[PDB]
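Structure, as structure tokens:
Excluded from the calculations below are hydrogen atoms, water molecules and symmetry mates; all remaining heavy atoms, backbone and side chain alike, are included. Here is the naming used below: chain letters follow the sequence lines, and residue numbers restart at 1 for every chain.
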Amino acid sequence: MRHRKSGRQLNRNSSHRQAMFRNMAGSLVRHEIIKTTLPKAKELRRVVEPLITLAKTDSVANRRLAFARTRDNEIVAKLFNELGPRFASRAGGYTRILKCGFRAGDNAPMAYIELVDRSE
Amino acid sequence: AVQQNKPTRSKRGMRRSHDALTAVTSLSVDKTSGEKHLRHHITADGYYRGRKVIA
Amino acid sequence: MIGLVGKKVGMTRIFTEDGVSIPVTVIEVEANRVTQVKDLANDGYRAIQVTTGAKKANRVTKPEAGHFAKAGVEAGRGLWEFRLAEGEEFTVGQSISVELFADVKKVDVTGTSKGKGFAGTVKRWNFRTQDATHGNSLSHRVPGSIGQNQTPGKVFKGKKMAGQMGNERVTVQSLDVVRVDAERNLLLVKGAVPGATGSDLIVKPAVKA
Amino acid sequence: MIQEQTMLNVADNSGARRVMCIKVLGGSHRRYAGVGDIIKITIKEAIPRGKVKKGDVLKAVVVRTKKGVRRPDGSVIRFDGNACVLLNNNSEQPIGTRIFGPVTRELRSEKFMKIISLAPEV
Amino acid sequence: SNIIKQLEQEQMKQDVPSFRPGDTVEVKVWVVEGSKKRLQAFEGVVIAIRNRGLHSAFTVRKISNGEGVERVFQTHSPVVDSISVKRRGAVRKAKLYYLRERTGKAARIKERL
RNA sequence: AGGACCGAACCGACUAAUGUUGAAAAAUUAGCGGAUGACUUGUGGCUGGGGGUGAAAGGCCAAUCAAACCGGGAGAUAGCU
RNA sequence: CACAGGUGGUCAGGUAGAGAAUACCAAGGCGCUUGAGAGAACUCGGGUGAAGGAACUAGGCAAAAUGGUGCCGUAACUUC
RNA sequence: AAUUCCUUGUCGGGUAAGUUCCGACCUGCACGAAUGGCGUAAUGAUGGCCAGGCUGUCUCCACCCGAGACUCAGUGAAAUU
RNA sequence: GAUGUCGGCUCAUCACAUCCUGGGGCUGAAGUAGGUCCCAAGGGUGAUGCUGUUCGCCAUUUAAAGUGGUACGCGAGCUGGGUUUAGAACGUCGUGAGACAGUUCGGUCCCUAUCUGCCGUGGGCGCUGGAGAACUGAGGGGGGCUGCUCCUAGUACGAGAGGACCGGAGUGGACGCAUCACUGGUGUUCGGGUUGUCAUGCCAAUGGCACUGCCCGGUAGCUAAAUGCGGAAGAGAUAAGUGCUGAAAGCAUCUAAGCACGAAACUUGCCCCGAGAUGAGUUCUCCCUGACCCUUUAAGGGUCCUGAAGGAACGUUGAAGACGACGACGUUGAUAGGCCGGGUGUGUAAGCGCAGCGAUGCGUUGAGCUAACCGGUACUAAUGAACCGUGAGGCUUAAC
């Protein structure tokens with residue numbers, strides 16, 4: 001059974017998923033849109049959107065927490081300096097998933113995930 | 001482990017009676033670009049809902 | 001007697017003043033509207049058909065809408081029947097409520113048990129596992145034998161094998177009615193009842209008594 | 001939960017130090033014995049000049065388990081080890097004259113009121 | 001679960017003292033001896049607290065008459081008459097299960113100031 | 001000092017599982033034994049089939065061994081299928 | 001076979017470590033030529049289990065357990 | 001007794017209960033003195049037996065983590081008949 | 001031109017020549033207990049020490065530890081201890097090579113299931129216009145065990161010792177089903193501690209990696225050891241048995257006419273499935289009432305207009321699930337994520353101050369974080385479409 005459980009395991013071990021989403025969240029922050037499989041998005045939301053809600057309030061403690069989650073000081077700075085302020089009035093839902101067809105090498109449901117504002 | 005008589009071509013056909021694919025029948029048309037696409041998927045030119053989302 | 005249609009809310013306890021904790025299942029039984037009465041002349045048997053709860057109007061297909069419209073009642077989440085005893089009698093549109101159970105002391109609760117998916121014989125039928133070591137080869141939870149030999153030459157029907165478990169209709173009989181709270185539409189019965197939280201329950205006065 | 005091959009301590013001065021459960025009696029295929037159940041034991045370890053000698057087979061009542069007991073409240077009482085009182089095999093009466101350690105209210109049953117009266121607690 | 005929430009609310013005690021694991025408490029539990037109802041004290045160190053609203057509990061560990069005993073008291077039970085704190089212990093964990101392997105001097109708990 | 005001891009490389013191969021149309025015509029994994037010796041390895045040489053070589057098992061002699069492989073006698077013979 | 005096997009020699013850095021053990025790294029080299037989902041039984045390879053504790057079994061097979069250094073201490077027996 | 005058929009001989013030990021074990025007896029079907037007898041420190045991936053420890057071996061399974069299985073896309077066998 | 005051997009294991013299934021529990025007759029049956037025979041297969045019918053063992057012998061259970069069939073049931077389910085290959089040794093026999101159901105030590109168990117069978121789970125069609133529900137119950141299946149205590153009643157009975165029938169009540173054991181309120185387990189998706197090492201320029205703070213590195217706790221879910229419940233009472237027909245009236249055959253006689261009783265068997269009652277019950281049922285509701293043409297002229301084909309009730313598809317999903325399926329929800333919306341508040345878990349975060357030579361302590365501070373939980377909230381994603389499905393439903397005879 002899997003009753004009332006959460007979290008896709010995505011055919012990986014826990015270390016691997018954690019590393020992968022750390023990379024993928026860094027990618028989404030710095031590019032503001034990435035293309036990934038539909039199931040790996042929808043798991044990025046549970047990772048990225050808490051980072052923006054964390055970046056709402058700037059403090060040393062908060063930045064150190066973000067750095068712990070995203071071991072990337074450029075990403076931390078962008079969170080707290082652009083995405084924090086940018087989403088200050090939005091109550092979650094900072095990202096947007098757009099189904100985009102299928103991959104050619106494995107027929108994988110592909111999707112775009114992007115920040116809702118995306119400088120537009 | 002293994003069969004004891006060769007199955008017939010009739011039994012191939014019967015087993016495969018469930019193997020047929022289903023077509024979409026169901027292309028949606030974007031408001032602005034007017035081009036066809038898979039329901040809930042962006043268009044080939046990057047439209048969805050009738051707004052550019054990719055470019 | 002007839003019974004009522006409720007919804008499983010959860011479980012909790014009642015502490016009695018002499019220091020006994022009674023586990024209870026909280027079943028909320030809103031008003032059950034009678035939507036049809038079946039009788040010998042028309043239907044060949046005696047029963048009432050009830051509805052309960054509420055349903056979004058956009059989800060009510062107009063066959064159902066017309067059926068509810070005849071009875072003059074609002075749409076519920078479903079329809080259930082209760083065979084009628086010889087003395088019982090109701091009328092279409094009558095609203096039956098929980099205080100029916102005011103003085104019953106035993107109910108039979110019927111629900112759909114939790115669905116366990118495709119289950120092995122160990123979980124589904126309590127088969128004893130074979131040895132984990134001592135030479136066992138790929139055969140730890142497997143079912144073992146399933147038949148005799150050439151003389152039946154077949155597996156008998158009804159053999160216990162793996163397969164779908166749960167998600168089926170289940171009745172637990174003779175449950176103590178701990179409290180009937182008319183104001184809140186609550187029935188509290190002692191013990192566990194089939195199903196998950198939020199599922200439908202059919203609550204009837206105990207047949208076996 | 002005392003089953004066959006369980007080693008129990010002895011909560012009476014009958015002389016035994018360690019006894020081993022040999023049969024959870026009182027039913028066919030009966031598995032466990034809780035507080036208040038009669039088990040049959042063998043004596044594995046006895047002090048030198050006691051009233052029972054090692055290798056004896058006799059009955060006993062479990063007075064403490066570390067699986068514990070459930071009270072009707074829902075509360076649970078656990079001990080740090082399993083113990084029993086040796087009982088004469090024919091008349092299930094204690095062999096000892098002192099009882100050590102607390103016992104539990106499940107013994108108040110007209111059959112173990114000796115043990116309750118002699119016990120230091122509960 | 002609003003309705004279970006208030007079903008439980010109607011039924012929780014309102015005066016449960018605040019204590020923490022490590023504290024020494026005595027608990028007065030009602031004891032019935034046939035016709036007589038008596039109040040018996042079980043005193044020890046709180047080694048665990050399960051706090052779940054009406055289903056709250058706490059484990060109290062004792063060394064009684066030679067060997068250790070621990071009761072899991074169901075807070076909000078009417079069997080528990082009263083709880084009192086005898087001394088306040090200073091520990092860092094929330095579950096003192098390691099005290100089960102300690103005895104005597106090795107089981108001491110610093111007082112909390 | 002030592003056919004000493006413990007323990008890598010190295011050389012073996014006691015046990016269990018897995019594999020058994022294998023990743024492999026004997027391996028993998030977890031343990032295991034020896035590890036200055038009657039050791040182990042490189043490169044060349046030498047011994048040939050009723051023969052060799054053998055701390056001996058009918059072991060080994062090119063995934064072949066109570067008598068190698070290849071070609072010939074030879075289309076041996078076969079009251080048997 | 002682009003095969004988890006076999007194949008002699010030489011060089012060999014740091015931090016812990018007795019070490020060429022092992023852990024993590026450096027220089028350097030790779031990610032093993034099918035991938036994407038789901039999160040059934042059952043299989044394989046692990047982790048953890050209340051109370052018991054060999055009751056298992058042909059047999060403790062397997063697992064679990066022990067493990068280092070200094071120091072104290074150490075039995076029968078003995079070819080010393 | 002790596003030997004005794006009868007035989008689980010008999011007696012003692014060890015267990016709650018012991019065809020094994022260990023110590024005796026001798027009634028050696030059918031031991032016996034370099035195709036060595038009898039003992040023996042140390043040693044053995046040696047054979048039997050008994051303890052303590054230790055535990056999912058079991059009472060009796062429960063849950064989790066990964067790789068398959070299942071589904072989709074690409075490729076695409078086999079034994080057998 | 002191969003039909004795997006014993007035992008254990010894991011699953012069984014049937015017979016009755018019945019071990020228990022149930023009914024009864026006779027007793028050399030006072031009671032308690034038996035003995036023996038008849039009826040009865042509904043359910044139940046041990047786990048151990050030894051030995052490879054079935055068996056046996058034990059030691060303790062139990063209400064009882066049935067007896068047989070089933071290729072001495074079961075190796076394309078498992079084991080391989082024994083047996084029964086090749087090494088070796090002993091006793092023995094043989095000059096020897098070797099041999100012995102004599103012994104002793106060691107000794108490769110392959111199979112991805114086509115078909116039948118079986119457990120699950122779907123698609124197609126049919127059921128006669130289509131659809132959405134709710135049913136009936138023909139059939140199947142499941143369950144169907146028993147202890148002990150107390151009262152009756154120390155009453156009957158007995159010379160005492162002993163000790164009832166019958167009738168009730170309460171607690172068990174095994175077993176099955178549901179569940180997670182509790183008590184626990186697990187919890188590599190939560191928090192903390194700690195070791196080695198590498199990195200973030202460094203201090204501090206963190207991250208990686210070493211089996212989740214090692215651990216200590218733990219949310220939900222799932223689960224047993226946890227907790228609720230249940231195997232009936234009652235009918236109907238009987239078996240062995242016991243009778244009533246009653247002749248044949250002035251008597252008699254349970255039977256021949258007729259009339260009763262009588263058991264865990266049988267049929268119901270309890271629960272679940274179930275109209276492919278092709279014998280395809282019923283009940284209620286909903287929708288569609290436009291033309292035209294050609295020929296075999298007929299339940300005939302085409303054309304145009306129309307497309308309804310519904311359904312599917314797609315998406316967001318679920319205490320549903322291998323996949324289908326099933327259930328919720330799609331902007332008129334809480335379906336999921338997020339966000340907000342709470343809860344829970346870990347236990348006093350960072351930064352700073354202070355004390356101390358320092359490690360560290362202390363305060364800010366039960367602080368900080370907190371997964372699957374609970375209450376909310378359209379912030380994101382659930383798109384207008386489109387697709388399928390039609391246009392009033394045959395014939396005959398009765399009734400109205």
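Contact annotation for A:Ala68: backbone-only contact, meaning every heavy-atom pair under 4.0 Å involves sugar-phosphate atoms and none involves a base. Contact annotation for B:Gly50: no contact, since no heavy-atom pair falls under 4.0 Å across all strands. Looking at heavy-atom distances under 4.0 Å, D:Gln3 makes contact with a base. A:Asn107 comes within 4.0 angstrom of sugar-phosphate atoms only, judged by non-hydrogen atoms across all strands, and of no base. A:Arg96 comes within 4.0 angstrom of the backbone, heavy atoms only, and of no base. Residue A:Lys40 is in sugar-phosphate contact alone, with no base atom involved, counting any heavy-atom pair closer than 4.0 Å across all strands shown.
Checked against I:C340, I:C374, G:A51, the side chain of D:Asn82 finds its nearest nucleotide in G:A51. Comparing I:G73, I:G337, I:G338 by their closest approach to the side chain of A:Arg45 singles out I:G337. Here the nucleotide nearest the side chain of B:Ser28, chosen from I:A385, I:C272, G:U57, is I:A385. Looking at the side chain of B:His18, the nearest of the listed nucleotides I:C369, I:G123, I:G384 is I:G123. Out of I:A47, H:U57, I:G330, the shortest distance to the side chain of C:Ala132 is found at H:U57.
A salt bridge links A:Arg90 with A:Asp117; the closest basic N to acidic carboxylate O contact falls under 4.0 Å.
Under the Watson-Crick or G-U wobble criterion, with both distances below 3.5 Å, I:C157 is paired with I:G162. Under the Watson-Crick or G-U wobble criterion, with both distances below 3.5 Å, F:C10 is paired with F:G34.
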Q) When Watson-Crick pairs (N1 to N3 and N6-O4 or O6-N4) and G-U wobble pairs (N1-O2 and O6-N3) count only below 3.5 Å on both distances, what is the dot-bracket string of RNA chain G, with | for other-strand pairs? A) ............((((.....))))........||||....||||||||.||..|....|....................
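No more than 12 heavy atoms of other residues, nucleotides or ligands sit less than 6.0 Å from atom NZ of C:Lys204. Heavy-atom neighbours of C:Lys159 NZ from other residues, nucleotides or ligands within 6.0 Å: above the threshold of 12. At most 12 non-hydrogen atoms from other residues, nucleotides or ligands lie less than 6.0 angstrom from CZ of E:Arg92.
Remark: bases of strand neighbours I:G361 and I:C362 are stacked by the 5.5 Å centre distance and 30° plane angle definition. Stacking between I:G327 and I:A328 holds, as the six-membered ring centres sit under 5.5 Å apart and the ring planes differ by under 30°. Judged by ring-centre distance under 5.5 Å and interplanar angle under 30°, strand neighbours H:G39 and H:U40 are stacked.
Computed from coordinates, the C:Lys123 NZ to I:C222 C1' distance equals 8 Å when rounded to whole Å. Rounded to an integer number of Å, the gap from NE2 of B:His40 to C1' of I:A381 is 9 Å. Residue B:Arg49 contributes atom CZ, which lies 6 Å from atom P of I:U383 at whole-angstrom precision. Distance CD1 (D:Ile38) to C1' (I:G172): 14 Å, rounded to an integer number of Å. Taking atom NZ on D:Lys67 and atom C1' on G:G53, their separation rounds to 15 Å, with Å as the unit. Spacing between atom CZ of A:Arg64 and atom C1' of I:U200 amounts to 12 Å, rounded to whole angstrom units. In this structure, the CD atom of D:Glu4 is 16 Å from the P atom of I:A59, given to the nearest Å. Rounded to a whole Å, the CG atom of C:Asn136 is 14 Å from the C1' atom of H:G56.
Taking atom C1' in both H:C11 and H:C26, the straight-line distance is 13 Å, to the nearest Å. Rounded to a whole angstrom, the distance from the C1' atom of I:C74 to that of I:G69 is 15 Å. Rounded to the nearest Å, the gap between the P atom of I:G187 and that of I:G321 is 25 Å.
Listed pair D:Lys40 / I:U61 meets the phosphate criterion, a side-chain N or O lying under 4.0 Å from OP1 or OP2.
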**Q.** Letter per nucleotide, 5' to 3', of nucleotides 173-182 of chain I [B base touched, S only sugar-phosphate touched, - untouched; heavy atoms, 4.0 Å]
**A.** SSSSSSSSBB
(Q) Output one letter per nucleotide in nucleotides 49-55 of chain H: B when a protein non-hydrogen atom lies under 4.0 Å from the base, S when only the sugar-phosphate is that close, - when neither is. (A) -------
Q: Treat primed atoms plus P, OP1 and OP2 as sugar-phosphate and everything else as base, then score nucleotides 108-117 of chain I 5' to 3': B for base contact with protein heavy atoms under 4.0 Å, S for sugar-phosphate contact only, - for none.
A: ---B-BB--B
Q. What string of B, S and - do you get for nucleotides 125-149 of chain I 5' to 3' if you count protein non-hydrogen atoms under 4.0 Å?
A. -------BSSSSS------------
Q) Which letter, B, S or -, goes with each nucleotide of nucleotides 185-192 of chain I from 5' to 3', with contact meaning a protein heavy atom under 4.0 Å? A) ---SB---
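The base of G:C61 lies close enough to the side chain of C:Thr133 for a donor and an acceptor atom to sit less than 3.5 Å apart.
A positive value of the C1'-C2'-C3'-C4' torsion places the sugar of I:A280 in the northern pucker family. Evaluation of the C1'-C2'-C3'-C4' torsion of I:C16 gives a negative value and hence a south sugar.
Along RNA chain I, the nucleotide nearest to E:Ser1 and the one nearest to A:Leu98 differ in position, and the one closer to the 5' end is contacted by E:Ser1. Residues C:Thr129 and C:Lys190 both approach RNA chain I. Their nearest nucleotides, taken by heavy-atom distance, put C:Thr129 toward the 5′ side.
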